[PDB]
């Protein structure tokens, strides 16, 4: 089912189908770490959490973080037998590619080298970005987890104008939902579910199945499995409370919800596995 309104600029069912067809070109493997027997899932969580901190320090967009997450998971699924000391290099190079794709004025190469505390040189990062992009067949335009939440928040706050391209929704609930997704992406089992399903199931936890179906197009049966999985993560967020919208020096306030944040989510990830 399709939740987009009629679009002045294209056939709504055309735009939606292309979005949907794209998610079948971009494969995910929730078990790819079995290709690397020397790695454990917590290592991926620690790496991704670190990239989140890096994004906040440089005021990178959430979209940039989730591209990096997607490049890392898809790249690892093409490789074998990676050791843990190589993880920082693959992650930061994933974020380098992502920042160059997404930001107007990305950070410079040496800045990406700088935040590794000298464990990764600029030269190593340039080598790794070419290996990643070649292994990914230069397929670098996924629909991220956070991009789906963006679509869902617009549709929920549509007027009778049905204008879908100019953003209009509360920043504070967007970040609260993104916080559940940021926790959830740390667990590799999230990849069992399509990114659009993950995002809709997070939105359901902050609203209802009626709103979820209205803005995502999916029926309760499609997301029931995901919602049940997300259950502990959602409660761990609920026990600790809802986060506050942050202001960022040099970021206009109408873009402030799009900047990636970071908190002690590895602690919260433990409780969810209980």
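Positions refer to the first chain, counted from 1. Only the largest set of C-alpha atoms that superpose within 1.5 Å between the two forms is called the rigid core.
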After a core fit, does 169-177 or 130-138 show the bigger CA gap to the shown form in 7 other deposited structures of this protein? 169-177
Can you tell me whether residue 164 lacks a model in a third or more of the other compared entries? yes
Higher of the two mean Cα B-factors (48-56, 34-42; per PDB record) comes from 34-42
Average Cα temperature factor in the PDB entry - higher stretch of 116-124, 198-206: 116-124
Hey, out of 73, 179, 80, 129, whose CA B-factor is highest in the deposited coordinates? 80
Among the modelled residues of its chain, does the C-alpha B-factor of residue 259 lie in the lowest, middle or highest third? lowest
Using the B-factors in the PDB entry, rank residue 68's C-alpha atom against the chain and give the third, lowest, middle or highest. lowest
According to the PDB entry, is the CA B factor of residue 221 in the bottom, middle or top third of its chain, that is, lowest, middle or highest? highest
For residue 189, does the deposited CA B-factor place it in the lowest, middle or highest third of the chain? middle
Looking at the C-alpha B-factor of residue 108, is it in the lowest, middle or highest third of its chain? middle
